[PDB]
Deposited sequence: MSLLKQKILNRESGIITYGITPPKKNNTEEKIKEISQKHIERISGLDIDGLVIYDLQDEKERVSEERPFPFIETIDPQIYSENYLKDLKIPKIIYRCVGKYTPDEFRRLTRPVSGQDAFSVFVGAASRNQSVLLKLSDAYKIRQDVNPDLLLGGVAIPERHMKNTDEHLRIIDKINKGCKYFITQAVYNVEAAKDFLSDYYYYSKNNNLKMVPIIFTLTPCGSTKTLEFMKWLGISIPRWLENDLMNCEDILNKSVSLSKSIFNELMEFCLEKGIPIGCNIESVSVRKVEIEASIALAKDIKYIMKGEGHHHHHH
């Protein structure tokens, strides 16, 4: 389902996204956390499950978390790799094809390293041409030099067949990126790959500082409301939905294949329950 959507460059891809727990936790806490992820996510209708990688918070390896903890979830997993964490020989090994299974992955370069991103892309070309590779796109970064479309075209050239954005909190940056992506592709006679927009609810100052650490900002107006002790969680979701709806419209008009990834980044029941509900609402919309 997911593999085909991606190979045929279709709209409508929908994924949910989680970060594995800390390594620190007892072996029993993990299985509980893990069984909770399984119960709620198995209740969705998604094409795949993104599992993030971070580069004090050291989380379970995304692929190990996938295989050894989440096998009961019968959907593909998109395994993120902060390649700079891996020596080039670890990276060759992790990228090897395994007989009788597909593989989905997003290679993430340095936010600011034992292995550079250009090198990781060629290591993949060497060892597993069939790995369904995605790239990270950052619409906010397009405001600074109007070349994030060019950055993702260079990633397409390097093997990428889809892009998953960080959390989108600004519709104009996102439409500006989509625009320059559409027009450049058209002018250079290119086909387009799926642009998967991530939505990430934010319901506490705790969630927010994790988000800032990931490089995600929310609007100053919204943060202001949080620092002045209002509940922003529902305004998160409403603003996120608003944004995605406008992007889905912009994308229909121009035939840009668009997907959505609903990211759950909080340790709080209420916020996690908001993510799950957002993931259901998004399916309904598209």
Gaps relative to the deposited sequence fall at 1-2, 58-70, 128-131, 306-315
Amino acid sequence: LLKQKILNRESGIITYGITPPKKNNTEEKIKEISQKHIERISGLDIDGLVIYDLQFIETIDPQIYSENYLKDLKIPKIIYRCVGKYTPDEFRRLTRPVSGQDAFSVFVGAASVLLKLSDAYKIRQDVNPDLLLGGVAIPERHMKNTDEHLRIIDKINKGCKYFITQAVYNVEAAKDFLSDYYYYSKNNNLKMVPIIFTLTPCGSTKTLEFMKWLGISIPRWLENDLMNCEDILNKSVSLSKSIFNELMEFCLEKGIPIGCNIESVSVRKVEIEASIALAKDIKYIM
From here on, numbers count along this sequence of modelled residues.
Mean Cα B-factor check, 142-150 vs 75-83, entry values; winner is 142-150
Assert higher mean C-alpha B factor (95-103 or 190-198, deposited values) equals 95-103
Top Cα B-factor in this entry, restricted to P257, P219, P62, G43, sits on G43
For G215, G203, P88, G135, the deposited C-alpha B-factor is largest at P88
For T19, the third of its chain by CA B-factor is the lowest
Of the three thirds of Cα B-factor ranks in this chain, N228 occupies the highest
Binned into thirds over the chain's modelled residues, the C-alpha B-factor of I33 lands in the highest
So, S240's CA B-factor, relative to its chain, sits in which third? The lowest
Assert third(CA B-factor, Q55) within chain per record equals middle
